[PDB]
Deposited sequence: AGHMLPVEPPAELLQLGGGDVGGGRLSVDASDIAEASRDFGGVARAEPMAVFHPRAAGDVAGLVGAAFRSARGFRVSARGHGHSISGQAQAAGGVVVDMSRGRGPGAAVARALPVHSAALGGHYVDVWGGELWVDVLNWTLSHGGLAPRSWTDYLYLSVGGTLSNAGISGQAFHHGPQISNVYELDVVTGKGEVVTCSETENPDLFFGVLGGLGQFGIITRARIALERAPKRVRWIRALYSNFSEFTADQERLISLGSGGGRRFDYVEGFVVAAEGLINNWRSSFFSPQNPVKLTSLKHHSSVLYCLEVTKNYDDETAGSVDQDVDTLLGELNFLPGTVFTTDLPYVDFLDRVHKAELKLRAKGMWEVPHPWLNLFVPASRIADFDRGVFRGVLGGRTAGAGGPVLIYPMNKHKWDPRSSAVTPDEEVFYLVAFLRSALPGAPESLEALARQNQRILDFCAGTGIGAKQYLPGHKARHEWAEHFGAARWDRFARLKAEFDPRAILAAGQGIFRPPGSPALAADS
């Protein structure tokens, strides 16, 4: 039922990503109609003499060619009938089956219009595929409480590196299920994901408060994630003044809780140590808050500042070493935001392929800088800054782990996973993709 394409615009899009650096071209782009089409293509790759590379492309948000299939075939997973949300008395909640290539923005609109339901755990940007984020983790301000998106999925349909369609969960083929979650596309292509849902809030009380003291800022973020009155979202960012820290929190509400929202916010804020008179508040619908990054994208696109190189660096930093990151990186080493917020490791299932630091509390530190348009030297200076951040972590023994890892050397991947996790990862590759057909742009395995 699928269609192979050699259209120059199809090839060009499959040969690029948001990073704007890696440009490995496929021989063709495959447009599937259903899961069986994806199975057919991977099956032919597995059966072929040379064993050509096959990679699924979500929305192309990768930084360094992770979705590229050099001289092979890129599967354009972008979008037919959609499954309606379902209630389960056994799970004690709702779920929705979605196509692997579905964008989170389209999942949200579908679930809201069919029962006022929504996923519990997000990414900051909704124009990302379900298969794409589930192959990494999928993190935002809710992860401290609900865990990442890989902790909010009941079941998958996976097309393995042998072109076999497998239904998997915790109780059915758990090795493939847990391997695929945070598995960097190594063990198969997600064609279906069964997403956990909750009754969606109607509105959001979105708060920002400033700190000049890093010790007070991190102490407040750490207390907020341990919280039963609590915020529904906890993030933060580094701002140039010398250096300031912005705490970002939200309180979700609906018609029932509308009458208590003001007091709940005031109570929680009173316990914090932000700078007096630096509180900024917005009240807006739930969809609008979740789509806030798409609004920033439209403004950047109009200024020609979206289709520029993005040498993004994402680190998971153990909370015991975050203090050293202030004078060492934010005041030391250093257009674009620097995100910072802690998460709880216990909300992350240790059976998944996801790699986190060996500490109960760890931070995402996200360097989201854009290079100047049409200026290669800008990208080069930013790449040197990223290497200086990595050298700082190595030289001071910070047990940081990259999120969306950009490694390409075997010993670097071995160090990233550690011996036990590397052994599990390699064994899953021998079982599920022995010819190393899938997601070869990640640069982990060779045929």
What are the unmodelled segments when the structure is compared with the full deposited sequence, in sequence order? 1-22, 102-108, 257-260, 275-301, 395-401, 515-524
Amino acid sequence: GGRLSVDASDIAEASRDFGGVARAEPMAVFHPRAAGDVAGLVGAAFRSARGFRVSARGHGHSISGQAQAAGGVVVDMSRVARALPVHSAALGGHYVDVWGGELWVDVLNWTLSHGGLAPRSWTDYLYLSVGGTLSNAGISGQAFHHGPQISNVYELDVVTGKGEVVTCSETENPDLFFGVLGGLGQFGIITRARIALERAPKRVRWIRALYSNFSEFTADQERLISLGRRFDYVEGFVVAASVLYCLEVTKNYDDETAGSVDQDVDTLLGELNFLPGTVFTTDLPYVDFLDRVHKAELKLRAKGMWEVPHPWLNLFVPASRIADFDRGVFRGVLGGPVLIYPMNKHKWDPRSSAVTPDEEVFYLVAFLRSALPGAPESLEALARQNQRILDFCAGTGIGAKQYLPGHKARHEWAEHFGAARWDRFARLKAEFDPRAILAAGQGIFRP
From here on, numbers count along this sequence of modelled residues.
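Under this definition, the rigid core comprises the largest set of C-alpha atoms superposing within 1.5 Å between the forms.
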So if we fit everything on the core, which stretch drifts more in 9 other deposited structures of this protein, 319-327 or 133-141, C-alphas only? 319-327
Average Cα temperature factor in the PDB entry - higher stretch of 201-209, 132-140: 201-209
Per the record, averaged over C-alpha atoms, which has the higher B-factor: 55-63 or 22-30? 22-30
Among 79, 120, 351, 194, highest Cα B-factor in the entry goes to 79
The residue of 234, 103, 375, 364 with the maximal C-alpha B-factor according to the PDB record is 375
Hey, what third does residue 90 fall into on Cα B-factor, ranked over its chain? highest
Once the chain's modelled residues are ordered by C-alpha B factor and cut into thirds, is residue 416 in the lowest, middle or highest one? lowest
Could you place residue 404 in the lowest, middle or highest third of its chain by Cα temperature factor, using the values in the record? lowest
Sorting by Cα B-factor within the chain, modelled residues only, which third would residue 124 end up in: lowest, middle or highest? lowest
Could you tell me which third, lowest, middle or highest, the C-alpha B-factor of residue 304 occupies within its chain? highest
